[PDB]
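Trainee: Numbering (our numbering), first residue to last: 270 to 586.
Dropping the structure in here first, questions after.
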Amino acid sequence: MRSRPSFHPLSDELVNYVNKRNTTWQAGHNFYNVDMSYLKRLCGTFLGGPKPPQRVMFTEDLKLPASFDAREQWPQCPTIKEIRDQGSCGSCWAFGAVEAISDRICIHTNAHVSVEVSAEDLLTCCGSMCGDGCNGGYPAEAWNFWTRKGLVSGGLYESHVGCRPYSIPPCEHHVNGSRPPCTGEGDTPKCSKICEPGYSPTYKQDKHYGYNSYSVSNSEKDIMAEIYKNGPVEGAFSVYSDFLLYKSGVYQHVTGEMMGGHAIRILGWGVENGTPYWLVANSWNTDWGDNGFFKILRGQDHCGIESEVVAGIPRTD
């Protein structure tokens, strides 16, 4: 391959052992031709550090469903079926924030205004408050910031939708080798308080603000409750190398080492083959795992999926 050895994505010994081990899932390569610094630049959420108020779902008489897909409950909100890609940027913290916010806006604005909240804006105008930009960040501040400063609107890279659409291109990690391995290297883009030409309203007239920012309790049922009456939520869990290989079924960490922390958007649950799972939306494109979504073992706070559930309500009127 003209270059030196080492860091070749992951070894087949992995894929195959994860498979011979015969567990709740099955793995296969999602990334082809990539510098391993990329595979670790994806996992750019910190874990630890802050944590909003608290949200205690009063249990009582509400019987939640044995399964649930936040996309079905609200077909009117297309935002829910969207899978974003973050390019070579550790902005996963900002994506879960916006992808969860996007939905909630459509959810709580009656089913009125559905709007692609901009990760571009959160990513580049939040600063040291939220963390480190393209090199890691705190989902707590992510929401805190929406409530403080508010976020404009911005679709996908080169989508021409709204004020500030994400400026980072996706890496062709999907499936090719005519180009070289899109290394995770990258710099955090600049805070440009300005909408795309031709776009109206004005950037300042595009900021959508939130109501408050709270933490969801570390109990699965409370979470099932939050997603059920409010809308998808942003989480955090630890990434180990095997997870990179997810193709289908319910994930369970088997081997490999920590790639780092990765935020996501949980938007549902169900039980597949007697294994309760959480339906989570990644930010690695639609060619990753199962059409961009994936399932992780729920109820046993797997890899910390049930620890960091940050979230909040949008500002009506």
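Backbone N, C-alpha and C define an ideal beta-carbon position, used for all residues, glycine too.
Which residues does DSSP list as the beta-bridge partners of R534?
Mentor: On the sequence shown, position 265 is the one that residue 534 refers to. DSSP output for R534 lists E503 and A550 as bridge partner(s).
Trainee: Go ahead and pull the three-state DSSP assignment for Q569.
Mentor: By 1-based counting over the sequence shown, the position of residue 569 is 300. If DSSP states are grouped into helix, strand and coil, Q569 belongs with coil.
Trainee: Give a yes or no on whether the C-beta atoms belonging to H477 and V549 are separated by under 9 Å.
Mentor: By 1-based counting over the sequence shown, the position of residue 477 is 208. By 1-based counting over the sequence shown, the position of residue 549 is 280. Not in contact: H477 and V549 (Cβ atoms no closer than 9 Å).
Trainee: Ends of the alpha helix (DSSP H) at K498?
Mentor: Stepping through the sequence shown from its first residue, residue 498 is reached at position 229. It spans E489 to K498 - the alpha helix (DSSP H) in which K498 sits, taken as one unbroken run.
Trainee: Keeping to the same chain, check which residues put their C-beta closer than 6 Å to that of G405; ignore five residues upstream and five downstream.
Mentor: Here residue 405 refers to the residue found at position 136 of the sequence shown. If we look at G405 and ignore the five residues flanking it on each side, its Cβ neighbours are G313, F315 and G359.
Trainee: Could you say if the stretch 513-521 and the stretch 317-326 meet the contact criterion of at least three C-beta pairs nearer than 8 Å?
Mentor: no
Trainee: Would you identify the three-state DSSP class for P450, choosing helix, strand or coil?
Mentor: Taking the sequence shown and counting its residues from 1, the one referred to as residue 450 is at position 181. It is coil, neither helix nor strand.
Trainee: Does the Cβ of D559 have 16 or more other Cβ atoms within 10 Å, making it buried, or fewer, making it exposed?
Mentor: What you label residue 559 is simply residue 290 of the sequence shown in a count that begins at 1. Under a 10 Å Cβ-count criterion, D559 is classified as exposed, with fewer than 16 other Cβ atoms of the shown protein chains found around its own Cβ.
Trainee: Counting Cβ pairs, one atom from each stretch, are 3 or more of them under 8 Å apart for the stretch 395-409 and the stretch 558-575?
Mentor: no
Trainee: Compute the beta-carbon to beta-carbon distance between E410 and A505, rounded to the nearest angstrom, for a pair I have assumed lies under 8 Å.
Mentor: Position 141 of the sequence shown, counting from 1, holds the residue named residue 410. Position 236 of the sequence shown, counting from 1, holds the residue named residue 505. Contact doesn't hold; Cβ gap of about 13 Å is too wide.
Trainee: Looking at C-alpha atoms only, which residue of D456, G356 and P334 is the closest neighbour of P438?
Mentor: Along the sequence shown, one-based indexing puts residue 438 at 169. It is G356 whose Cα lies nearest to the Cα of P438.
Trainee: State yes or no: is the C-beta of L308 within less than 9 Å of the C-beta of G525?
Mentor: On the sequence shown, residue 308 is found 39 positions in, with the first residue counted as 1. On the sequence shown, residue 525 is found 256 positions in, with the first residue counted as 1. Not in contact: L308 and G525 (Cβ atoms no closer than 9 Å).
Trainee: Using 10 angstroms around the beta-carbon of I492, count the other beta-carbons present and answer buried if the total reaches 16, otherwise exposed.
Mentor: Here residue 492 corresponds to residue number 223 of the sequence shown, with the count starting at 1. By the neighbour-count rule (16 or more Cβ atoms within 10 Å), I492 is buried.
Trainee: On the DSSP letters alone, give me the boundaries of the beta strand (DSSP E) that residue 587 sits inside.
Mentor: The question about residue 587 has no answer here: the residues shown for the chain are numbered 270 through 586.
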